[PDB]
Participant: 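Got a structure for you, questions after.
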Amino acid sequence: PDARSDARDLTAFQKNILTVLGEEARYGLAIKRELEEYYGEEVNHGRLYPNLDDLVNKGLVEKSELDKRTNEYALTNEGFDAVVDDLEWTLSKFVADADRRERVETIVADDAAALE
Amino acid sequence: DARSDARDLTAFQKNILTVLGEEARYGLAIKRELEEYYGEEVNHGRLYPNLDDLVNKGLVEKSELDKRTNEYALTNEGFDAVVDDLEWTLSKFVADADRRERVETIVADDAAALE
DNA sequence: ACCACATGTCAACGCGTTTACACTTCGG
DNA sequence: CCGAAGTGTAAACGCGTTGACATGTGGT
Ligand SMILES: [Mn+2]
Ligand SMILES: [Mn+2]
Ligand SMILES: [Mn+2]
Ligand SMILES: [Mn+2]
Ligand SMILES: [Mn+2]
């Protein structure tokens with residue numbers, strides 16, 4: 001299963017969900033909150049869960065049960081490949097000269113600093 | 001703020017800005033590059049409304065190349081939108097040392113492709 | 001028991017796309 | 001001139017969202 005064949009037709013919402021899960025696996029409403037933080041608005045759970053269900057059916061997300069009212073969503077191996085593939089495309093178009101590159105380098109350096 | 005523009009746009013539109021972040025191009029050149037990305041035919045009836053909409057949002061400038069050809073380029077605002085989305089994806093991808101070194105090798109390979 | 005939490009589900013609604021027809025412009 | 005290039009554009013159409021109802025769980 002190639003993640004490219006399955007992840008280039010996803011909507012911005014779905015791709016943002018995968019990026020959130022790229023940080024760490026999360027239960028439903030925790031994803032909602034982090035999406036809400038990115039969008040600056042409220043995200044309707046009636047939109048989240050069906051989109052999580054779609055990503056599951058596409059093979060990009062696994063749905064496990066923490067307790068029998070809570071599910072934990074996480075990226076499959078194909079899901080992580082989808083996140084990597086999207087980043088390699090974004091970068092291949094952004095890294096157009098040396099200034100663009102070092103900009104990315106300081107971004108990644110600052111990100112690694114926040115992790116300590 | 002760069003976030004407020006980037007968040008709303010659709011995937012199709014951000015792909016337009018990613019394309020333009022590499023280089024300013026004319027309409028059908030954007031079309032062909034997205035057709036290579038999607039691996040599907042891209043309807044021009046879909047592209048031109050989207051580029052124009054991105055102009056009304058102040059993220060793309062529409063200039064005259066010929067009087068049958070337009071050149072589309074990123075405004076400084078559109079660039080900040082591209083950079084902000086890049087920063088968010090990276091902020092959530094660089095979760096440990098291996099993730100960072102993965103991004104470093106990608107960026108290094110990209111830089112070596114420049115010549 | 002109480003009442004959050006967590007997720008399920010849907011159809012009226014919103015909205016962008018598809019699929020056309022259409023124009024003016026440049027090359028040979 | 002004649003065809004392709006390049007872009008314009010609108011209505012049927014497809015298709016995901018909105019905003020709500022809904023169930024069942026876990027905590028206190
Ligand atoms: Mn979606
Ligand atoms: Mn909600
Ligand atoms: Mn990709
Ligand atoms: Mn093509
Ligand atoms: Mn076309």
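Below, read A as the first sequence line, B as the second, and so on, with proteins coming before strands; counting in each chain starts at 1.
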Participant: Please state the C1' separation for the pair D:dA5 and D:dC1 - nearest whole angstrom.
Facilitator: 16 Å
Participant: When rounded to the nearest 0.5 angstrom, what is the spacing between CG in B:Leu34 and CG in B:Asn50?
Facilitator: 10.0 Å
Participant: Taking for each residue the nucleotide of DNA chain D bearing the nearest heavy atom, is the 5' side occupied by A:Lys68 or by A:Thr11?
Facilitator: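 Result: A:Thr11.
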Participant: Any sub-3.5 Å donor-acceptor pair from B:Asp66's side-chain atoms to B:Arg68's backbone N or O?
Facilitator: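 Here the side-chain-to-backbone pair does not exist.
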Participant: Under the ring-ring contact (aromatic ring centres under 6.0 Å, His included) rule, what pairs show up with a residue in residues 82-115 of chain B, not counting sequence neighbours?
Facilitator: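 For residues 82-115 of chain B, and leaving out neighbouring residues, the ring-ring contact (aromatic ring centres under 6.0 Å, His included) pairs sorted by first residue read A:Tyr38-B:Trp88, A:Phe80-B:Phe93.
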Participant: Counting Watson-Crick and G-U wobble pairs whose two distances are both under 3.5 Å, find the runs of 3 or more in a row that involve DNA chain D.
Facilitator: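 Stem segments, range with range: C:8-17 with D:12-21, C:21-26 with D:3-8.
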Participant: What's the separation between atom NZ in B:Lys62 and atom CG in B:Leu54, rounded to the nearest 0.5 Å?
Facilitator: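 Reported to 0.5 Å precision, the distance equals 11.0 Å.
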Participant: Roughly how many Å is it from CZ in B:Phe12 to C1' in C:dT17, rounded to a whole number?
Facilitator: 10 Å
Participant: How long is the line joining NZ of A:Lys32 and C1' of C:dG8, in whole Å?
Facilitator: 15 Å
Participant: Please report the distance, rounded to the nearest Å, between CG in A:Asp9 and P in D:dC15.
Facilitator: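 After rounding, the reported distance stands at 12 Å.
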Participant: Once you round to the nearest 0.5 Å, how far does CG of A:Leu10 lie from CG of A:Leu18?
Facilitator: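 Here the rounded value is 6.0 Å.
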Participant: So, north or south for the sugar of C:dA12, given that a negative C1'-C2'-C3'-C4' angle means south?
Facilitator: south
Participant: Does A:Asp67 or A:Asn51 map to a spot on DNA chain D nearer the 5' end, using the closest nucleotide for each?
Facilitator: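 With A:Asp67 and A:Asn51 compared, the 5'-side residue is A:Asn51.
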Participant: Within the 3.5 Å criterion, strictly below it, is a donor on B:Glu61 or B:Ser63 matched to an acceptor on the partner's side chain?
Facilitator: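 Checked: B:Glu61/B:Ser63 side chains show no N/O donor-acceptor pair below 3.5 Å.
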Participant: Please report, rounded to the nearest Å, how far the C1' atom of D:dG16 is from the CG atom of A:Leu55.
Facilitator: 14 Å
Participant: Between C:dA20 and D:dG6, how far apart are the P atoms? Round to whole Å, please.
Facilitator: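 Rounded to whole Å, the distance is 23 Å.
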Participant: Between A:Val83 and A:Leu75, does the side chain to side chain contact (heavy atoms under 4.5 Å, CB included) criterion hold? Intermediate values first, please.
Facilitator: CA-CA 9 Å; A:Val83 167; A:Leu75 296 177; 4.0 Å; yes
Participant: Is it the case that the side chains of A:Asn16 and A:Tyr39 hold a donor-acceptor pair, with the cut-off being a distance below 3.5 Å and no angle test?
Facilitator: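 Yes, a side-chain donor-acceptor pair sits under 3.5 Å.
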Participant: Using only side-chain N and O atoms of A:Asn44, determine if any of them is under 4.0 Å from OP1 or OP2 of D:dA20.
Facilitator: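 No, outside the criterion.
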Participant: If the sugar-phosphate is the primed atoms plus P, OP1 and OP2 and the base is the rest, what is the B/S/- string for nucleotides 6-12 of chain D, using protein heavy atoms under 4.0 Å?
Facilitator: SBBBB--
Participant: Using whole Å, what does the distance between atom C1' of nucleotide C:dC5 and atom CD of A:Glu65 come to?
Facilitator: 13 Å
Participant: Quick one: A:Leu52 CG to C:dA6 P, roughly how many Å, whole number?
Facilitator: 14 Å
Participant: Please step through salt bridge (charged side-chain N to carboxylate O under 4.0 Å, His left out) for the pair B:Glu71 and B:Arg25, ending with a clear verdict.
Facilitator: CA-CA 5 Å; B:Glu71 169 157 293; B:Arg25 304 152 140 127; over 6 Å; no
Participant: D:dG19 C1' sits how many Å from A:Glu41 CD, rounded?
Facilitator: 15 Å
Participant: To the nearest Å, how far apart are B:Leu47 CG and C:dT19 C1'?
Facilitator: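 Answer to the nearest Å: 16 Å.
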